[PDB]
Every structure is written in structure tokens, then in C-alpha cells.
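Each remark here refers to the structure printed beneath this line.
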Amino acid sequence: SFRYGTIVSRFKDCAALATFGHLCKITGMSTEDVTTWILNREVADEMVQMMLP
Amino acid sequence: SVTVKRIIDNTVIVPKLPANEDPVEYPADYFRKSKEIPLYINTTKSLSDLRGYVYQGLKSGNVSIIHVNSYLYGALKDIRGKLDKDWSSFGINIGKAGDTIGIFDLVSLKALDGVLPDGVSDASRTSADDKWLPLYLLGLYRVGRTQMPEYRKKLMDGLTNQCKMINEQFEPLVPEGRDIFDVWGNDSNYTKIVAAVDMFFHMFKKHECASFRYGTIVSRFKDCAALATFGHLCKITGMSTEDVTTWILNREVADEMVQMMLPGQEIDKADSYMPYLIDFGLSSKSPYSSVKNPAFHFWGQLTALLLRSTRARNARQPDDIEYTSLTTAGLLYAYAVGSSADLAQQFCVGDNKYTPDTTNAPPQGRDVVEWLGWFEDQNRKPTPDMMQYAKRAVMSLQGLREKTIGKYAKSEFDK
Amino acid sequence: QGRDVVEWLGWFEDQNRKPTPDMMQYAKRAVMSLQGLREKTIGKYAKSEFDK
RNA sequence: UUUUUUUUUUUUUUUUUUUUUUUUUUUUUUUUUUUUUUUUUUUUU
């Protein structure tokens, strides 16, 4: 129960990652199939940055 | 239907929903086990004292239900009522030729031994016993049934009925909302007293004390609304019980009808135990309720409405029935009766009219097969003419309540 | 004719996988004249989607 | 320097209750919030 309030530290300012998950569940597409619909240079860039191994 | 399979990987799934027993219980199938109906009149001590016990108790406070029961049995112990011909129901004999049977000529049996105040109360109250006090105690069962501001409009008609060569006043003061005298409804023995009062005076309509009936009337056919709606449909369509039966066009309405028309139930009998099946504790789940006839209730009451019933306006819309399928059925029936007027000459002066004298034109009369054939040829979809009939029927209905069939019907047909 | 999935899917095919204008009117009718409905319900969702 | 759901987790998710019911229906009645004595412009000479 100590989680209520301690929960907003989890993925704190990792919102971009969260919208990638969300975009998948809405389009219902695979993670890779969503990746292939990225059509702007600076959106590809950010994706590369977000996915570094 | 048995086997269903997931097509992606050829594996067998079995679809299943939770059980639902809670089955019906017929009047007849009860007297198969017991021959009597137990009336547990607890205390049988001092009848004059009880009159004061209930009077002072009702005058704001917690009057015991055990008390009033003991009172009512004492006050209504009039062995009046000259039996006209013969009285028998479900095998139990009650009357013969010229018998002088009273109102409690079904079982009495003594019970418990715990009483409240002890002995002689306040000798304050005169006779005026049987004259009005029993009417009131029975009259609170009528008022107790409801739960909307209609109470302070049905209790108003209680007080004005205790003046028939009487004229007194009132008793309690607290608003209802289920708290005061509403406890009594769930009393097996109290309800049994009310049901035996209604039954006695349904037979002895001419009797002086038959005024007790109004207040105890709401027990006759309690939880038998579906049966009432079937009668109403016959009256409003003008068709016979057989014809109406043939106009059932949904599988689950048919089932319900069959359930209701079980052969050995004495439902068409003049003076039977059947209408008091609930309050005499003969049944824990009426076969005849709206709850157990939801498809039939909706279908019957929707048609009734399209045909210009004023009752139906305010009927409850049930849950978990096929509204779409049911509604289009009801429409066909109403449209058919509303088109085909009966209209035949009845009287003459040696001068009669004889009836024998375009393509998508509706059938001549009110035969199901003719209309069924016509609906097929209409692509199994309701015509513009019948949709316009349904509109005209529902528009200009005013102030219809939430969750009624009237609200459903205006909303469906008058966009 | 009936209520069979294979059959209705084949008819949906014939309508290049997009809902018909009669279908849209059907759902329109089914949702218009729904009264006060609260936020984040499938009621609110359906009226927004089908009543415009 | 931030962060950028006036999002947030623990299950959950009819401002759903099942006890039976369900016309804010009771009709014993009886139903112009008609009534009789003419009369029948809130007409006058």
C-alpha cells in the first residue's frame, strides 16, 4: 500500500517510451510494425536514441 | 453446436456461462405435500386487552406484529357467510350445501409464548372493534406495498374508508419509506390473515364486512402480472385466447406462455387458492410474474401500447431479453390489428350487407399465416407504412417515466 | 438471410471492408436520444462515434 | 534544472441489485369537476 504516491517515481520522465507502448495498444500493431510507420527523419532519430541496447 | 474450435491453431474451446437454477413453484405441486395451510396465531389470551395493545402501540411506536395478528383473529372470528352452493379447491374441501363457514376455515395452530406488556392494557378503547380497526390493520398492507409519494395518497383513502357509520380519525404520524408497518409484509402469518380475508369476501361479495376487501385486494394475483397482461391483450386486441396464442412469434415468449398455462392450476377457477399463492406461502417463486415472464411481458405490453393502451404507458422494461427481435414482432401484431378493423353489420330491417361484393398490399384480416407470408415478401423488414403507424402511435405521449416500455417505444419509433 | 458469421463476413467483403451508410444510420438511430450519460462510459463513446 | 495525461495501479471497474415483486392500477362503487323550477346576449327602451 506504500506504492500509492511512491508510484510516480516509476518511469519518471520516460513519457516518450510510454507513448510508444500506448501507440502499439491503440493501433494494435506489433512493436516492429509500428516502427516501420515512422516517416520523419527526426522521429527515426529519437527512436534510435530510445532503443539503444 | 456441440463443438467449437479456434481456427488459428486447431484447438477446442468450450463456451460456458454460470448456472441459474432458481426455478418456479406451482400452487398444485404444494398440496401434493401438505393438506393444510398453517396459521400460527401465537397468543390466544384476552381479546379485549389486545384491542388496547394495538391501539396504544400504533399511536407512534413499535406495535408488535404478533399482537395485531392475535387481534385480527379475535376480531374477525365472525362465523358469518352462508355458503351458496359448494366450495372446493386443489382437493381441499371447505364447504358444502348450506354450510355456515367463517373466515378462518383453514388451519389455525398455536405458537410461541412470549408477550410484551402483560395482561390488561388501558381499558380506554370502547367496542367500535370489528367496525373499523380491522380495516386499518389490513389497510396498512396496501399502503406498505408501494414506495413512492403515492403512499400519502393511498393512506388518505384509508382514513376516509373508516367512516362507514364510524368516523374517527387517524393513528401514527411517521412517513413510510419502508420502516414502520412495512415489517408486516415479510410476516408469513400476517399475509395469511390478509389473503384469507380477501378470499372469504371474494366468495361473499354481498357481505357487510366485504368493505375490508379494499386494502386486502392487492393480494389477489400478487406476482401474477404476466397473467394480467395476457388478459389485457385479449381485451385490447379483441381476439380470443387461442388466436392471441398463435400470434406469439418468438421462441422465448412461447416457452413462457407454456410455463404459464400448465394444465392443473385452477387459474380460470372462480374462487380458488391459486391467486393467493404467494401470500398463503404456497409458492416461493411465482410462475406468473413479470420477472419469470420477461419476454412475454415486454412483447404483450408493447403491442398493447401500440394499440392504444393507457396501462402500458407505464409498464416496466425488463432486462436480458432480445429487444430488437421482440419489438419487431410486437409491431407486426399491432399493425395487423390496427389495419384490420372488425367492422360487421349487427342489426337490420330486412336489409343486410354481405361482404363478398395492390401488390404489396397487406393481408385482408388477422390470420397469422397470411401476415407471416406478407412479412417474408417484405424482406423480413418492417415497411414504411407500419413504421409510420408506430410513430403516430407513440408521438404525443407525454411525461413518460424512466425505464418504462412507453419510454422505450417513443424513443424507438419517434426520432 | 440469417445470423451466420461466414455469410455476413462475405457480405462485408463485398462492401470493401467498410461499414455501409445504412449501417451507420442503424447505429445513429440506436444512439440518438440517449439522455445524460457520464464520462468515460461506452455509452458516451457510442453517441460521439455514431451521432454526428 | 525541470517535467511536460489537473493519469495512476492493490484487487476492481451498470452513481446494478436479486428476497419476492413491479401501471406513483385498483373498480364495492360509479364515473359530463351536467343537471332541470322556469330559463338560457355579464340586452335594453
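Residue numbers (the entry's author numbering), protein chains in the order written: chain D, 212 to 264; chain B, 2 to 358, 365 to 422; chain C, 371 to 422.
Beta carbons: idealized from backbone N, C-alpha and C, even for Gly.
#1: Could you check if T45/B is buried or exposed, using at least 16 other CB atoms within 10 Å of its CB as the buried criterion?
#2: So, under 8 Å CB-CB, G82/B and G103/B are touching, yes? Tell me the CB distance rounded to an integer number of Å.
#3: With distance defined between alpha-carbon atoms, name the residue in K354/B, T390/B, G339/B and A211/B nearest to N367/B.
#4: Counting contacts by CB-CB distance shorter than 7 Å, is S403/C in contact with chain B?
#5: Please report the Cβ distance between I42/B and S89/B, rounded to the nearest whole angstrom; I am assuming they are in contact, meaning their Cβ atoms lie under 8 Å.
#6: Can you tell me which of the three DSSP states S71/B falls into?
#7: Between which two residues does the alpha helix (DSSP H) containing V121/B stretch?
#8: Below 7 Å between beta carbons: does that hold for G265/B and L303/B?
#9: Can you name the start and end residues of the alpha helix (DSSP H) that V401/B belongs to?
#10: Who does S109/B pair with in a DSSP beta bridge?
#11: Are any of the Cβ atoms in chain C nearer than 7 Å to that of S122/B?
#12: Scan the stretch 228-256 of chain D and note each continuous alpha helix (DSSP H) run of 4 residues or more that stays entirely inside, going in chain order.
#13: Using 6 Å as the cut-off, classify the Cβ of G120/B as near or not near the heavy atoms of the ligand NAD, replying yes or no.
#14: Tell me, please, whether the CB atom of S2/B is closer than 7 Å to any CB atom in chain C?
#15: Less than 7 Å between the C-beta atoms of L139/B and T217/B, yes or no?
#16: State the Cα-Cα distance for the pair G178/B and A124/B, rounded to the nearest angstrom.
#17: Let me make sure I understand the geometry here. Which of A226/D, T246/D and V254/D has the alpha-carbon closest to that of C235/D?
#18: Measure the beta-carbon distance from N187/B to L40/B and round it to whole angstroms, keeping in mind my assumption that it falls under 8 Å.
#19: Which residue marks the beginning of the alpha helix (DSSP H) containing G96/B, and which one marks its end?
#20: Which of helix, strand or coil does DSSP assign to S128/B?
#21: Can you name the residues that DSSP bridges to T411/B?
#22: Could you check if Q318/B is buried or exposed, using at least 16 other CB atoms within 10 Å of its CB as the buried criterion?
#23: Taking the DSSP output, what are the residues bridged to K6/B?
#24: Grab me the residues of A400/B's own chain with a C-beta within less than 6 Å of its C-beta, minus the 5 sequence neighbours each way, in chain order.
#25: Can you pull the DSSP bridge partners for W88/B?
#26: Look up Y41/B in the DSSP assignment and give the residues it is bridged to.
#27: Which residue comes first and which comes last in the alpha helix (DSSP H) that contains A345/B?
#28: Could you tell me whether the Cβ of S89/B comes closer than 7 Å to any Cβ of chain C?
#29: Whose CA, out of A129/B, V3/B and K17/B, lies closest to the CA of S49/B?
#30: Express the C-alpha separation of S61/B and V116/B in angstroms, rounding to a whole number.
Short version:
#1: exposed
#2: Contact flag correct, Cβ pair sits at about 7 Å.
#3: It is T390/B whose Cα lies nearest to the Cα of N367/B.
#4: yes
#5: Between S89/B and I42/B the Cβ distance is about 25 Å, and since that is not below 8 Å, they are no contact.
#6: helix
#7: Taken as a continuous stretch (DSSP letters only), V121/B belongs to no alpha helix (DSSP H), as it is neither H nor E.
#8: No, the Cβ-Cβ distance between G265/B and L303/B is not below 7 Å.
#9: Run containing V401/B: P391 to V401, per the alpha helix (DSSP H) assignment.
#10: According to DSSP, which records beta bridges pairwise, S109/B is partnered with nothing at all.
#11: no
#12: 242-246
#13: No copy of the ligand NAD appears in this structure; indeed no ligand is present at all.
#14: no
#15: yes
#16: C-alpha separation (whole angstroms): 33 Å.
#17: Nearest option by C-alpha distance: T246/D.
#18: That pair is no contact at about 16 Å.
#19: No alpha helix (DSSP H) holds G96/B; the beta strand (DSSP E) holding it covers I93 to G96.
#20: coil
#21: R317/B
#22: buried
#23: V13/B
#24: Closer than 6 Å at the Cβ level, and outside the excluded window around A400/B, lie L307.
#25: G96/B
#26: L110/B
#27: Counting along the chain, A345/B sits inside no alpha helix (DSSP H), nor does DSSP assign it H or E at all.
#28: Not flagged as an interface residue toward chain C: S89/B, since no C-beta distance is shorter than 7 Å.
#29: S49/B has its Cα closest to that of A129/B, out of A129/B, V3/B and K17/B.
#30: 19 Å
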